[PDB]
There are 2 protein chains.
Amino acid sequence: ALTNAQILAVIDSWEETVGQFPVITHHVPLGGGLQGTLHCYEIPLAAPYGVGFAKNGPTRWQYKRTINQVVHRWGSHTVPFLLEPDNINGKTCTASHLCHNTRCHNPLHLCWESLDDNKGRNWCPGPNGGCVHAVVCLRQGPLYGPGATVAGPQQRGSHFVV
Amino acid sequence: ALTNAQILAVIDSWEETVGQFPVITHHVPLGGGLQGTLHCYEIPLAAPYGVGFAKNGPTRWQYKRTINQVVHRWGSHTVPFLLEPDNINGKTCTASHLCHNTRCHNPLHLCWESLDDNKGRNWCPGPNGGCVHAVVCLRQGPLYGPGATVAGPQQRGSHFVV
DNA sequence: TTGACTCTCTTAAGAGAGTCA
DNA sequence: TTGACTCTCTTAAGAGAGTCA
Ligand SMILES: [Mg+2]
Ligand SMILES: [Mg+2]
Ligand SMILES: [Zn+2]
Ligand SMILES: [Zn+2]
Ligand SMILES: [Zn+2]
Ligand SMILES: [Zn+2]
(Lines give C-alpha, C1' and ligand atoms only; values in the text may rest on other atoms or scores of the structure.)
(Ligands and ions follow the chains in the order given, each with its own letter.)
Protein backbone atom coordinates (compact mmCIF):
# COMPACT_ATOMS: atom_id res chain seq x y z
CA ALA A 1 0.00 0.00 0.00
CA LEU A 2 0.97 3.62 0.29
CA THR A 3 3.35 3.72 3.35
CA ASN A 4 6.97 2.42 3.28
CA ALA A 5 6.13 0.51 6.48
CA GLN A 6 3.09 -1.05 4.73
CA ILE A 7 5.27 -1.99 1.70
CA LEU A 8 8.01 -3.54 3.89
CA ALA A 9 5.27 -5.53 5.67
CA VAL A 10 3.99 -6.80 2.30
CA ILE A 11 7.53 -7.76 1.30
CA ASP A 12 8.11 -9.51 4.65
CA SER A 13 4.85 -11.53 4.46
CA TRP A 14 5.59 -12.53 0.84
CA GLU A 15 9.10 -13.71 1.79
CA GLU A 16 7.72 -15.75 4.71
CA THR A 17 5.13 -17.49 2.50
CA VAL A 18 7.51 -18.11 -0.46
CA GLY A 19 10.13 -19.34 2.02
CA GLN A 20 7.78 -22.29 2.73
CA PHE A 21 7.50 -23.23 -0.95
CA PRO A 22 9.24 -26.53 -1.80
CA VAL A 23 12.96 -26.05 -2.45
CA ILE A 24 13.96 -27.83 -5.65
CA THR A 25 17.60 -28.25 -6.61
CA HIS A 26 18.44 -27.59 -10.29
CA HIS A 27 21.88 -28.24 -11.76
CA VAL A 28 22.60 -25.75 -14.52
CA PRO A 29 25.15 -24.93 -17.23
CA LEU A 30 27.32 -21.94 -16.33
CA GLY A 31 29.21 -21.60 -19.59
CA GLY A 32 32.85 -22.60 -20.06
CA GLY A 33 31.99 -26.28 -19.68
CA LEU A 34 31.16 -25.73 -15.98
CA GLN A 35 28.00 -26.62 -14.01
CA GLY A 36 26.44 -25.07 -10.93
CA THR A 37 23.59 -25.64 -8.51
CA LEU A 38 20.52 -23.43 -7.91
CA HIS A 39 17.85 -23.86 -5.22
CA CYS A 40 14.48 -22.67 -6.55
CA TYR A 41 11.52 -22.03 -4.25
CA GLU A 42 8.71 -23.30 -6.49
CA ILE A 43 5.05 -22.30 -6.24
CA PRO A 44 2.77 -25.39 -6.30
CA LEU A 45 1.31 -26.63 -9.58
CA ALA A 46 -2.28 -26.40 -8.31
CA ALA A 47 -4.32 -24.72 -5.63
CA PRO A 48 -3.71 -24.05 -2.81
CA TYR A 49 -0.52 -22.12 -3.64
CA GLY A 50 0.07 -20.27 -0.36
CA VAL A 51 -1.45 -17.46 1.68
CA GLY A 52 -2.09 -14.51 -0.61
CA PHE A 53 -1.32 -16.29 -3.90
CA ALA A 54 -3.63 -17.08 -6.83
CA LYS A 55 -3.03 -18.21 -10.41
CA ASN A 56 -4.15 -15.87 -13.20
CA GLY A 57 -2.56 -17.77 -16.08
CA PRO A 58 -0.86 -21.08 -16.96
CA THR A 59 2.41 -19.68 -15.57
CA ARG A 60 1.19 -16.35 -14.12
CA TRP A 61 0.37 -15.68 -10.43
CA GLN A 62 -0.63 -12.68 -8.32
CA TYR A 63 -0.08 -11.84 -4.65
CA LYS A 64 -2.87 -9.96 -2.82
CA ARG A 65 -3.22 -8.36 0.62
CA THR A 66 -6.00 -6.38 2.36
CA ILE A 67 -4.62 -3.07 3.76
CA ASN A 68 -6.88 -0.37 5.26
CA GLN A 69 -9.84 -2.58 4.21
CA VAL A 70 -8.76 -2.30 0.51
CA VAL A 71 -7.39 -5.16 -1.63
CA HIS A 72 -3.93 -4.46 -3.13
CA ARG A 73 -2.68 -6.92 -5.77
CA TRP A 74 0.63 -7.36 -7.59
CA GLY A 75 2.23 -9.72 -10.06
CA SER A 76 3.62 -12.50 -7.89
CA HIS A 77 7.29 -11.90 -8.80
CA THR A 78 7.15 -8.07 -8.52
CA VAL A 79 6.79 -7.91 -4.73
CA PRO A 80 10.55 -7.84 -3.86
CA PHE A 81 10.90 -4.65 -5.92
CA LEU A 82 7.96 -2.56 -4.66
CA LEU A 83 10.37 0.12 -3.36
CA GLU A 84 12.26 0.43 -6.65
CA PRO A 85 11.54 2.73 -9.60
CA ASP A 86 8.99 1.07 -11.86
CA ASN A 87 10.62 2.29 -15.06
CA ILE A 88 14.05 2.88 -16.56
CA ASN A 89 14.86 5.04 -19.59
CA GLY A 90 11.12 5.20 -20.26
CA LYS A 91 10.80 1.39 -20.29
CA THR A 92 8.72 -0.58 -17.79
CA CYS A 93 10.66 -2.56 -15.20
CA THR A 94 9.90 -6.29 -15.13
CA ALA A 95 10.68 -9.17 -12.82
CA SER A 96 13.39 -11.21 -14.55
CA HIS A 97 14.19 -14.85 -13.66
CA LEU A 98 17.94 -15.46 -13.45
CA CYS A 99 17.10 -19.15 -13.04
CA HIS A 100 14.77 -19.15 -16.09
CA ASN A 101 12.23 -21.10 -13.98
CA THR A 102 8.87 -19.33 -13.98
CA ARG A 103 7.41 -21.17 -10.94
CA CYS A 104 10.40 -20.11 -8.84
CA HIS A 105 9.78 -17.18 -6.47
CA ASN A 106 13.24 -17.13 -4.80
CA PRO A 107 14.10 -13.40 -4.71
CA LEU A 108 17.78 -14.38 -4.88
CA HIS A 109 16.91 -15.60 -8.40
CA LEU A 110 15.09 -12.40 -9.52
CA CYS A 111 16.13 -8.99 -10.78
CA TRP A 112 14.23 -5.89 -11.91
CA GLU A 113 15.01 -4.67 -15.42
CA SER A 114 13.58 -3.76 -18.81
CA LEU A 115 11.78 -6.44 -20.81
CA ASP A 116 14.59 -6.28 -23.39
CA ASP A 117 17.27 -6.97 -20.72
CA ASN A 118 15.04 -9.73 -19.31
CA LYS A 119 14.58 -11.45 -22.68
CA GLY A 120 18.25 -11.14 -23.60
CA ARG A 121 19.35 -13.33 -20.71
CA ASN A 122 17.84 -16.31 -22.60
CA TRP A 123 20.87 -16.22 -24.94
CA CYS A 124 23.64 -15.23 -22.51
CA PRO A 125 26.71 -17.52 -22.50
CA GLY A 126 26.62 -17.47 -18.69
CA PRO A 127 28.77 -16.42 -15.73
CA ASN A 128 31.64 -18.75 -16.78
CA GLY A 129 31.22 -18.30 -20.54
CA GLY A 130 31.42 -14.53 -20.95
CA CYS A 131 28.33 -12.92 -19.40
CA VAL A 132 28.72 -9.12 -19.41
CA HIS A 133 25.47 -8.32 -17.58
CA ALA A 134 26.24 -5.83 -14.80
CA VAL A 135 23.82 -7.79 -12.62
CA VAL A 136 25.46 -11.10 -13.42
CA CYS A 137 23.61 -14.13 -14.75
CA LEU A 138 23.29 -17.22 -12.54
CA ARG A 139 23.44 -19.63 -15.51
CA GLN A 140 23.94 -19.85 -19.25
CA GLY A 141 20.70 -18.91 -21.02
CA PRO A 142 18.67 -21.92 -22.20
CA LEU A 143 18.71 -20.70 -25.84
CA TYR A 144 22.43 -19.99 -26.12
CA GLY A 145 24.10 -21.91 -28.92
CA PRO A 146 24.68 -22.14 -32.67
CA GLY A 147 20.99 -22.07 -33.63
CA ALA A 148 19.27 -24.14 -36.33
CA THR A 149 19.24 -21.79 -39.31
CA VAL A 150 17.60 -23.35 -42.38
CA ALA A 151 18.99 -20.95 -44.98
CA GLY A 152 21.64 -18.25 -44.88
CA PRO A 153 22.02 -15.03 -46.86
CA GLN A 154 21.90 -15.60 -50.60
CA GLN A 155 21.14 -13.97 -53.98
CA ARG A 156 20.35 -15.49 -57.40
CA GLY A 157 21.69 -12.54 -59.41
CA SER A 158 24.38 -9.85 -59.02
CA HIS A 159 22.41 -6.87 -57.67
CA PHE A 160 23.53 -6.96 -54.01
CA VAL A 161 26.64 -6.55 -51.87
CA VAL A 162 27.07 -7.11 -48.14
CA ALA B 1 0.38 -24.74 -57.42
CA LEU B 2 3.21 -22.47 -58.57
CA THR B 3 6.02 -24.53 -60.19
CA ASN B 4 9.57 -24.21 -58.84
CA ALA B 5 10.35 -22.33 -62.10
CA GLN B 6 7.50 -19.87 -61.39
CA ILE B 7 8.85 -19.42 -57.82
CA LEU B 8 12.34 -18.64 -59.19
CA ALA B 9 10.78 -16.03 -61.50
CA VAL B 10 9.08 -14.41 -58.44
CA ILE B 11 12.44 -14.37 -56.59
CA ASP B 12 14.10 -12.86 -59.69
CA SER B 13 11.48 -10.12 -60.04
CA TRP B 14 11.74 -9.40 -56.31
CA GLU B 15 15.54 -9.09 -56.54
CA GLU B 16 15.28 -6.84 -59.61
CA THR B 17 12.94 -4.47 -57.75
CA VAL B 18 14.73 -4.50 -54.36
CA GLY B 19 18.08 -3.93 -56.09
CA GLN B 20 16.79 -0.50 -57.14
CA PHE B 21 15.92 0.54 -53.56
CA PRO B 22 18.15 3.28 -52.09
CA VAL B 23 21.41 1.75 -50.87
CA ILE B 24 22.50 3.22 -47.55
CA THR B 25 25.99 2.69 -46.12
CA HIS B 26 25.99 2.03 -42.34
CA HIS B 27 29.03 1.77 -40.07
CA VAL B 28 28.36 -0.92 -37.44
CA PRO B 29 29.99 -2.58 -34.44
CA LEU B 30 31.41 -6.03 -35.16
CA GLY B 31 32.43 -6.94 -31.61
CA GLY B 32 35.92 -6.86 -30.17
CA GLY B 33 35.99 -3.07 -30.51
CA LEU B 34 36.06 -3.30 -34.33
CA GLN B 35 33.87 -1.44 -36.81
CA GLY B 36 32.56 -2.66 -40.16
CA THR B 37 30.31 -1.51 -42.99
CA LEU B 38 26.93 -2.84 -44.14
CA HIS B 39 25.06 -1.73 -47.28
CA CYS B 40 21.31 -1.83 -46.73
CA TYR B 41 18.74 -1.70 -49.54
CA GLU B 42 15.98 0.22 -47.79
CA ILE B 43 12.30 0.24 -48.76
CA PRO B 44 10.93 3.82 -48.91
CA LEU B 45 9.18 5.33 -45.87
CA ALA B 46 5.94 6.00 -47.79
CA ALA B 47 4.17 4.95 -50.96
CA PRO B 48 5.16 4.20 -53.67
CA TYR B 49 7.52 1.49 -52.40
CA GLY B 50 8.31 -0.35 -55.64
CA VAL B 51 6.56 -2.66 -58.08
CA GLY B 52 4.72 -5.38 -56.18
CA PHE B 53 5.22 -3.90 -52.69
CA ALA B 54 2.66 -2.60 -50.21
CA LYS B 55 2.73 -1.73 -46.52
CA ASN B 56 0.52 -3.73 -44.17
CA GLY B 57 1.93 -2.30 -40.94
CA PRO B 58 4.21 0.42 -39.53
CA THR B 59 7.24 -1.76 -40.29
CA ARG B 60 5.54 -4.61 -42.18
CA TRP B 61 5.34 -5.02 -45.97
CA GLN B 62 4.11 -7.63 -48.45
CA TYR B 63 5.10 -8.61 -51.99
CA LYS B 64 2.28 -9.51 -54.42
CA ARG B 65 2.32 -11.10 -57.88
CA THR B 66 -0.60 -12.30 -60.01
CA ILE B 67 0.15 -15.50 -61.93
CA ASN B 68 -2.33 -17.16 -64.28
CA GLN B 69 -5.12 -14.98 -62.88
CA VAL B 70 -4.38 -15.97 -59.24
CA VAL B 71 -3.10 -13.41 -56.73
CA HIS B 72 -0.16 -14.63 -54.62
CA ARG B 73 1.14 -12.67 -51.64
CA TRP B 74 4.11 -13.12 -49.29
CA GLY B 75 5.72 -11.29 -46.41
CA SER B 76 8.16 -8.90 -48.08
CA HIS B 77 11.27 -10.45 -46.48
CA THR B 78 10.22 -14.09 -47.03
CA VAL B 79 10.62 -14.11 -50.83
CA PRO B 80 14.35 -15.09 -50.92
CA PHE B 81 13.45 -18.27 -49.03
CA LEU B 82 10.47 -19.56 -51.06
CA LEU B 83 12.47 -22.61 -52.21
CA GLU B 84 13.54 -23.53 -48.65
CA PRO B 85 11.83 -25.61 -45.94
CA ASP B 86 9.42 -23.41 -43.97
CA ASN B 87 9.82 -25.04 -40.53
CA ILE B 88 12.56 -26.69 -38.46
CA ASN B 89 12.38 -28.58 -35.14
CA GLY B 90 8.63 -28.01 -35.16
CA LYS B 91 9.12 -24.23 -35.32
CA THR B 92 8.05 -21.86 -38.10
CA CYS B 93 10.89 -20.29 -40.10
CA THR B 94 11.08 -16.48 -40.07
CA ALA B 95 13.05 -13.89 -42.01
CA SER B 96 15.82 -12.70 -39.68
CA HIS B 97 17.69 -9.42 -40.28
CA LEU B 98 21.43 -9.86 -39.80
CA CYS B 99 21.68 -6.07 -40.18
CA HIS B 100 18.89 -5.42 -37.63
CA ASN B 101 17.39 -2.84 -40.03
CA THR B 102 13.73 -3.65 -40.64
CA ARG B 103 13.37 -1.54 -43.81
CA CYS B 104 16.33 -3.33 -45.39
CA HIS B 105 15.43 -5.96 -47.99
CA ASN B 106 18.99 -6.91 -49.02
CA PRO B 107 18.85 -10.74 -49.22
CA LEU B 108 22.56 -10.84 -48.26
CA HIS B 109 21.40 -9.38 -44.90
CA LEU B 110 18.69 -12.01 -44.26
CA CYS B 111 18.56 -15.55 -42.97
CA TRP B 112 15.72 -18.02 -42.41
CA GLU B 113 15.39 -19.48 -38.91
CA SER B 114 13.13 -19.93 -35.90
CA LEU B 115 11.74 -16.83 -34.19
CA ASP B 116 13.82 -17.68 -31.08
CA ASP B 117 17.06 -17.80 -33.13
CA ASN B 118 16.01 -14.56 -34.83
CA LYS B 119 15.36 -12.69 -31.57
CA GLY B 120 18.56 -13.99 -29.99
CA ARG B 121 20.74 -12.22 -32.54
CA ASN B 122 19.72 -8.92 -30.85
CA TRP B 123 22.13 -9.75 -28.00
CA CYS B 124 24.98 -11.45 -29.90
CA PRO B 125 28.51 -10.09 -29.26
CA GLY B 126 29.12 -10.17 -33.02
CA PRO B 127 31.40 -11.85 -35.56
CA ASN B 128 34.53 -10.36 -33.95
CA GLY B 129 33.29 -10.57 -30.35
CA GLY B 130 32.46 -14.25 -29.93
CA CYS B 131 29.44 -15.09 -32.10
CA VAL B 132 28.70 -18.83 -32.12
CA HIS B 133 25.78 -18.73 -34.58
CA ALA B 134 26.47 -21.35 -37.27
CA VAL B 135 25.18 -18.87 -39.84
CA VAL B 136 27.40 -16.09 -38.54
CA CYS B 137 26.13 -12.66 -37.53
CA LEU B 138 27.12 -9.69 -39.67
CA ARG B 139 27.34 -7.35 -36.67
CA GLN B 140 27.11 -7.12 -32.90
CA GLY B 141 23.48 -7.15 -31.79
CA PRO B 142 22.05 -3.71 -30.95
CA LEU B 143 21.12 -4.81 -27.41
CA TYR B 144 24.43 -6.48 -26.50
CA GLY B 145 26.06 -5.06 -23.39
CA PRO B 146 25.89 -4.80 -19.59
CA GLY B 147 22.21 -3.81 -19.54
CA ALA B 148 20.48 -1.32 -17.26
CA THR B 149 19.23 -3.45 -14.38
CA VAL B 150 17.51 -1.34 -11.71
CA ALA B 151 17.66 -3.83 -8.81
CA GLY B 152 19.44 -7.14 -8.36
CA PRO B 153 18.64 -10.26 -6.36
CA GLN B 154 18.03 -9.45 -2.71
CA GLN B 155 16.16 -10.54 0.41
CA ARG B 156 15.13 -8.70 3.56
CA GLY B 157 15.25 -11.71 5.90
CA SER B 158 17.15 -15.00 5.93
CA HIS B 159 14.53 -17.33 4.39
CA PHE B 160 16.46 -18.00 1.16
CA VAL B 161 19.74 -19.34 -0.20
CA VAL B 162 20.66 -19.25 -3.91
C1' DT C 1 -3.29 -7.11 -62.48
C1' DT C 2 -1.94 -3.56 -59.57
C1' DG C 3 -1.47 0.03 -55.69
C1' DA C 4 -2.59 1.76 -51.27
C1' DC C 5 -4.73 1.30 -47.81
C1' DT C 6 -7.53 -1.61 -44.03
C1' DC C 7 -7.82 -5.44 -40.33
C1' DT C 8 -6.20 -9.17 -37.07
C1' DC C 9 -2.66 -12.87 -35.69
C1' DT C 10 2.12 -15.43 -33.53
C1' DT C 11 5.63 -16.06 -29.99
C1' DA C 12 7.56 -16.11 -25.39
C1' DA C 13 9.51 -13.18 -22.19
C1' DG C 14 6.39 -10.28 -19.14
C1' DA C 15 1.48 -7.63 -17.04
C1' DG C 16 -3.56 -5.63 -15.09
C1' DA C 17 -8.33 -6.51 -13.64
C1' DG C 18 -13.27 -8.95 -12.79
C1' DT C 19 -16.42 -12.90 -11.00
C1' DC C 20 -17.91 -15.64 -7.71
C1' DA C 21 -17.94 -18.29 -3.03
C1' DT D 1 -10.97 -11.39 4.27
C1' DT D 2 -9.20 -14.99 1.73
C1' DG D 3 -9.30 -18.35 -2.06
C1' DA D 4 -9.93 -20.00 -6.83
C1' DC D 5 -11.09 -19.16 -10.77
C1' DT D 6 -12.15 -16.03 -15.34
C1' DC D 7 -10.72 -12.55 -19.00
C1' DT D 8 -7.61 -9.41 -21.81
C1' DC D 9 -3.18 -6.59 -22.28
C1' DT D 10 2.37 -5.33 -23.45
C1' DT D 11 6.53 -5.72 -26.10
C1' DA D 12 9.39 -6.29 -30.21
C1' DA D 13 11.12 -9.82 -33.12
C1' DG D 14 7.93 -11.72 -36.69
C1' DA D 15 3.04 -13.13 -39.89
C1' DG D 16 -1.81 -13.81 -43.12
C1' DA D 17 -5.79 -11.81 -45.37
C1' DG D 18 -9.84 -8.14 -47.20
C1' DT D 19 -11.60 -3.96 -49.86
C1' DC D 20 -11.85 -0.92 -53.60
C1' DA D 21 -10.98 1.08 -58.02
MG1 LIG E 1 13.25 -13.91 -18.23
MG1 LIG F 1 15.59 -10.04 -36.04
ZN1 LIG G 1 14.91 -20.16 -9.19
ZN1 LIG H 1 24.47 -12.68 -18.61
ZN1 LIG I 1 20.55 -4.47 -44.25
ZN1 LIG J 1 25.80 -14.24 -33.61
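Labels below follow one simple rule: chain letters A, B, ... track the order of the sequence lines, proteins then strands, and each chain is numbered from 1.
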* Asked: Where does the angle between the aromatic ring planes of A:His105 and A:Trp14 fall among parallel (under 30°), tilted (30 to 60°) and perpendicular (over 60°)?
  -> tilted
* Asked: Could you state the CZ-P distance from B:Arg103 to D:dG14, rounded to the nearest angstrom?
  -> 15 Å
* So which nucleotide from C:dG14, D:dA12, D:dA13 ends up closest to the side chain of A:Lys91? -> D:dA12
* B:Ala54 near the nucleic acid: base, sugar-phosphate alone, or nothing, with a heavy-atom cut-off under 4.0 Å? -> base
* Structure fact -> Picking from C:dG14, D:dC5, D:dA13, the nucleotide nearest the side-chain atoms of A:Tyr49 would be D:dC5
* Counting only side-chain N and O atoms of A:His100, is one of them less than 4.0 Å from OP1 or OP2 of C:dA13? -> no
* **Atom-to-atom span, NZ of A:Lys119 to P of C:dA13 - whole angstrom** => 10 Å
* What does C:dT2 pair with, Watson-Crick or G-U, if both distances are under 3.5 Å? -> D:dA21
* Quick one: label B:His77 by what it contacts on the DNA or RNA (base, sugar-phosphate, nothing), any heavy atom closer than 4.0 Å. => nothing
* **Given D:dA17, C:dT2, C:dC5, the nucleotide with the shortest approach to the side chain of B:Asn56** => D:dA17
* Sugar-phosphate only, base, or nothing, as touched by B:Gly57 at under 4.0 Å among non-hydrogen atoms -> nothing
* Structure fact -> Among the nucleotides D:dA13, D:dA15, D:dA12, whichever has the atom closest to the side chain of B:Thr94 is D:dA15
* Structure fact -> Taken to the nearest whole Å, NE2/A:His72 to P/C:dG18 is 14 Å
* Any side-chain N or O of B:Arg65 less than 4.0 Å from the OP1 or OP2 oxygen of C:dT2? -> yes
* **Exercise: do A:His109 and A:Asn101 side chains pair donor with acceptor under 3.5 Å** => no
* Asked: Nearest-Å distance, CG (B:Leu143) to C1' (C:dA13)?
  -> 14 Å
* Asked: Given C:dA15, D:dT2, C:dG18, which nucleotide is nearest the side-chain atoms of A:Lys64?
  -> D:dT2
* Structure fact -> Expected label for C:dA17, using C1'-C2'-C3'-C4' where a positive value gives north and a negative one south, is south
* **Modelled atom types, side-chain donor and acceptor of A:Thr92 and A:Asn87, under 3.5 Å** => no
* Structure fact -> Taken to the nearest whole Å, CG/A:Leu110 to P/C:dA13 is 15 Å
* Asked: Heavy atoms under 4.0 Å, any strand shown: does B:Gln62 hit a base, just sugar-phosphate, or nothing?
  -> base
* Pick base, sugar-phosphate or nothing for B:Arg121, based on heavy-atom distances below 4.0 Å to the nucleic acid. => nothing
* To do: Please tell me which of the listed nucleotides, D:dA13, C:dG14, C:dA4, lies nearest to the side chain of B:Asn122?
  => D:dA13
* **Protein-nucleotide distance (B:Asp117, atom CG; C:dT11, atom P), rounded to Å** => 16 Å
* Asked: Ignoring hydrogens and geometry, is there a side-chain-to-backbone donor-acceptor pair from B:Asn106 to A:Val162 under 3.5 Å?
  -> no
* Asked: Heavy atoms under 4.0 Å, any strand shown: does A:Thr92 hit a base, just sugar-phosphate, or nothing?
  -> nothing
* To do: Ignoring the backbone of A:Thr66, work out which of D:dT1, C:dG3, D:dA13 is nearest its side chain.
  => D:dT1
* A:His77/A:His97 aromatic ring centres below 6.0 Å -> yes
* Can you figure out which of D:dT2, C:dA4, D:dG14 approaches the side chain of B:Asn118 most closely? => D:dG14
* To do: Could you check which of D:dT2, D:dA15, D:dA12 has an atom nearest any side-chain atom of A:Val71?
  => D:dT2
* Can you find a side-chain donor-acceptor pair between A:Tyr63 and A:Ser13 that sits under 3.5 Å? -> yes
* Structure fact -> Any strand, both distances under 3.5 Å, Watson-Crick or G-U wobble: D:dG16 pairs with C:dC7
* Nearest-Å distance for atom pair CG/P, residues A:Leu115 and C:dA15 -> 8 Å
* Asked: Between B:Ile43 (CD1) and C:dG3 (P), how many Å, whole number?
  -> 12 Å
* Think B:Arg60 has a side-chain N or O under 4.0 angstrom from the OP1 or OP2 of D:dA15? -> yes
* Structure fact -> Shortest non-hydrogen pair, B:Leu30 vs B:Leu138, comes out as CD2-O, 3.5 Å
